[PDB]
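S.K.: Sending over a structure as structure tokens; questions will come in a sec.
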Amino acid sequence: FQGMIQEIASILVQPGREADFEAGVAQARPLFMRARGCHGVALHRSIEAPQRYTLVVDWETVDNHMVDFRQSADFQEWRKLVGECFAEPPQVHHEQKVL
Amino acid sequence: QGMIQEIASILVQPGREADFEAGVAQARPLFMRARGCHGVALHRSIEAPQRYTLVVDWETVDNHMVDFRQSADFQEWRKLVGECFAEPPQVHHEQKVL
């Protein structure tokens, strides 16, 4: 359907880097808000696996994320802010709300 | 201490997607009446159209994993959507940080 999509990024943080990561996302959040077609950024943490987090980003289109955001210098700044926290590259997919 | 989300990753069998979506809409009362439950949303993957994420809001994890799981309505839920599944759903719980 025609409307918003959500990028879902499943992140695994290196043991002990969780506070650093949260701090980094908090600081990096404005990079996303000012990205073309971005209407929101939220960070969730797993209860069962506390090193695992989910970034949920609201995009108008998937290309606003995968083309526009990914080719911008703000992506390079996001990776400078939180990249060292990652245990491996996040698993990223996109969703649409059905109900 | 506050609201938690159940996150259920579901893989639907080929062609059963509209049936599953139907059964989720039909199951909305079962959730609404479950103890500690404050909402249900359904998301579908763009890359993998047989994959859905069910996001359910609970006061506590036990509301879901003890109270809801051990109730007749869990069984009613499974009767409504269970034959659409390709394998057993992967379930975890999250809390909002930012």
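Residues are named by chain letter and number: chains run A, B, ... in the order of the structure tokens, numbers start at 1 in each chain, and ligands are numbered from 1 in the order shown.
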How close does each residue of chain B get to chain A, giving the shortest atom pair and distance in Å to one decimal for every residue with an atom at most 6 Å away, counting only C-alpha atoms, sorted by chain and residue number, as CSV?
M.R.:
residue,atom,partner,partner_atom,distance
B:41,CA,A:99,CA,5.4
B:42,CA,A:99,CA,5.0
B:43,CA,A:97,CA,4.4
B:44,CA,A:95,CA,5.3
B:45,CA,A:95,CA,4.4
B:46,CA,A:95,CA,5.4
B:93,CA,A:47,CA,5.6
B:94,CA,A:46,CA,4.4
B:95,CA,A:45,CA,5.3
B:96,CA,A:44,CA,4.4
B:97,CA,A:44,CA,5.3
B:98,CA,A:43,CA,5.0
S.K.: Can I get the selected residues back with N, CA, C and O atoms, as a PDB file, in the first residue's frame?
M.R.:
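Saved to part-v1.pdb:
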ATOM      1  N   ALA B  41      -0.329  -4.998  16.630  1.00  0.00           N
ATOM      2  CA  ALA B  41      -0.073  -4.476  15.272  1.00  0.00           C
ATOM      3  C   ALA B  41       0.518  -5.614  14.404  1.00  0.00           C
ATOM      4  O   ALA B  41       1.103  -6.551  14.924  1.00  0.00           O
ATOM      5  N   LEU B  42       0.300  -5.574  13.096  1.00  0.00           N
ATOM      6  CA  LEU B  42       0.852  -6.588  12.206  1.00  0.00           C
ATOM      7  C   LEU B  42       1.649  -5.926  11.085  1.00  0.00           C
ATOM      8  O   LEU B  42       1.183  -5.008  10.447  1.00  0.00           O
ATOM      9  N   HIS B  43       2.884  -6.387  10.902  1.00  0.00           N
ATOM     10  CA  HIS B  43       3.773  -5.841   9.894  1.00  0.00           C
ATOM     11  C   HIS B  43       4.183  -6.960   8.989  1.00  0.00           C
ATOM     12  O   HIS B  43       4.359  -8.099   9.427  1.00  0.00           O
ATOM     13  N   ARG B  44       4.323  -6.608   7.727  1.00  0.00           N
ATOM     14  CA  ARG B  44       4.738  -7.532   6.697  1.00  0.00           C
ATOM     15  C   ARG B  44       6.027  -7.072   6.072  1.00  0.00           C
ATOM     16  O   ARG B  44       6.192  -5.884   5.785  1.00  0.00           O
ATOM     17  N   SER B  45       6.927  -8.032   5.836  1.00  0.00           N
ATOM     18  CA  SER B  45       8.246  -7.768   5.225  1.00  0.00           C
ATOM     19  C   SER B  45       8.081  -7.469   3.754  1.00  0.00           C
ATOM     20  O   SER B  45       7.242  -8.119   3.061  1.00  0.00           O
ATOM     21  N   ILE B  46       8.872  -6.467   3.314  1.00  0.00           N
ATOM     22  CA  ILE B  46       8.961  -6.078   1.926  1.00  0.00           C
ATOM     23  C   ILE B  46       9.902  -7.005   1.171  1.00  0.00           C
ATOM     24  O   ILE B  46       9.554  -7.488   0.102  1.00  0.00           O
ATOM     25  N   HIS B  93      11.010 -10.412  23.430  1.00  0.00           N
ATOM     26  CA  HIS B  93      10.342  -9.277  24.027  1.00  0.00           C
ATOM     27  C   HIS B  93      11.322  -8.142  24.013  1.00  0.00           C
ATOM     28  O   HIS B  93      12.495  -8.365  24.096  1.00  0.00           O
ATOM     29  N   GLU B  94      10.833  -6.939  23.818  1.00  0.00           N
ATOM     30  CA  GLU B  94      11.682  -5.772  23.778  1.00  0.00           C
ATOM     31  C   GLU B  94      11.113  -4.697  24.643  1.00  0.00           C
ATOM     32  O   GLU B  94       9.918  -4.684  24.936  1.00  0.00           O
ATOM     33  N   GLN B  95      11.995  -3.781  25.039  1.00  0.00           N
ATOM     34  CA  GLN B  95      11.615  -2.549  25.670  1.00  0.00           C
ATOM     35  C   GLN B  95      12.153  -1.348  24.890  1.00  0.00           C
ATOM     36  O   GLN B  95      13.296  -1.354  24.450  1.00  0.00           O
ATOM     37  N   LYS B  96      11.372  -0.279  24.806  1.00  0.00           N
ATOM     38  CA  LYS B  96      11.841   0.963  24.169  1.00  0.00           C
ATOM     39  C   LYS B  96      12.880   1.775  24.964  1.00  0.00           C
ATOM     40  O   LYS B  96      12.636   2.207  26.095  1.00  0.00           O
ATOM     41  N   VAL B  97      14.038   2.013  24.351  1.00  0.00           N
ATOM     42  CA  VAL B  97      15.130   2.733  25.015  1.00  0.00           C
ATOM     43  C   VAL B  97      15.113   4.199  24.628  1.00  0.00           C
ATOM     44  O   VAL B  97      15.151   5.058  25.496  1.00  0.00           O
ATOM     45  N   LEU B  98      15.006   4.476  23.335  1.00  0.00           N
ATOM     46  CA  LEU B  98      14.929   5.854  22.830  1.00  0.00           C
ATOM     47  C   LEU B  98      13.734   5.930  21.881  1.00  0.00           C
ATOM     48  O   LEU B  98      13.307   4.925  21.292  1.00  0.00           O
TER      49      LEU B  98
END
S.K.: Using Å and a single decimal, report how far atom CA of residue 11 of chain B sits from atom CA of residue 51 of chain B.
M.R.: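 Calculated distance between atom CA of residue 51 of chain B and atom CA of residue 11 of chain B is 4.6 Å.
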S.K.: For a test of reading the model, state the distance in Å between atom CA of residue 75 of chain A and atom CA of residue 31 of chain A, rounded to one decimal.
M.R.: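 These atoms are spaced 8.0 Å apart.
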S.K.: Apply DSSP to the structure's backbone, then extract all residues of chain B labelled helix (DSSP H, G or I) and return them as number ranges by chain.
M.R.: B: 17-26, 28-32, 61-68, 72-84
S.K.: Restricting the calculation to only C-alpha atoms: of A:60, A:68, A:88, A:18, which residue gets closest to residue 1 of chain A?
M.R.: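 The shortest atom-to-atom distance to residue 1 of chain A comes from A:60.
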S.K.: Please return as a VMD selection string: the residues of chain B that backbone DSSP assigns to strand (DSSP E or B).
M.R.: chain B and resid 4 to 12 37 to 45 51 to 58 85 90 to 96
S.K.: Counting only C-alpha atoms, what is within 9 Å of segment 30-33 of chain B, bar same-chain residues fewer than 3 positions away, as a VMD selection string?
M.R.: chain B and resid 26 to 27 36 to 40 56 68 73 to 74 76 to 77
S.K.: Store the residues picked out above in a file with C-alpha atoms, as a CSV table (one decimal), in the first residue's frame.
M.R.:
chain,number,residue,atom,x,y,z
B,26,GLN,CA,-10.4,-12.0,13.5
B,27,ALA,CA,-8.2,-12.6,16.6
B,36,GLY,CA,-2.2,-6.8,30.6
B,37,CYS,CA,-2.6,-6.4,26.8
B,38,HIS,CA,-2.7,-2.9,25.4
B,39,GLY,CA,-2.3,-3.4,21.6
B,40,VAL,CA,-1.6,-5.6,18.6
B,56,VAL,CA,1.9,-7.0,20.9
B,68,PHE,CA,-1.9,-15.6,27.9
B,73,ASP,CA,-7.6,-18.1,24.1
B,74,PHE,CA,-4.0,-19.0,23.2
B,76,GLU,CA,-8.3,-20.2,20.0
B,77,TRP,CA,-5.5,-18.0,18.5
S.K.: Could you give me, as a list in words, the residues within 10 Å of residue 35 of chain A, counting only C-alpha atoms and dropping anything in the same chain fewer than 5 positions from it?
M.R.: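 Once the adjacent positions are removed, what remains is residues 30, 40, 59, 64, 65, 68, 69, 70, 72, 74 and 75 of chain A.
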S.K.: Given only C-alpha atoms as the basis, pick out the residue of B:50, B:17, B:25, B:91 nearest to residue 5 of chain B.
M.R.: B:91
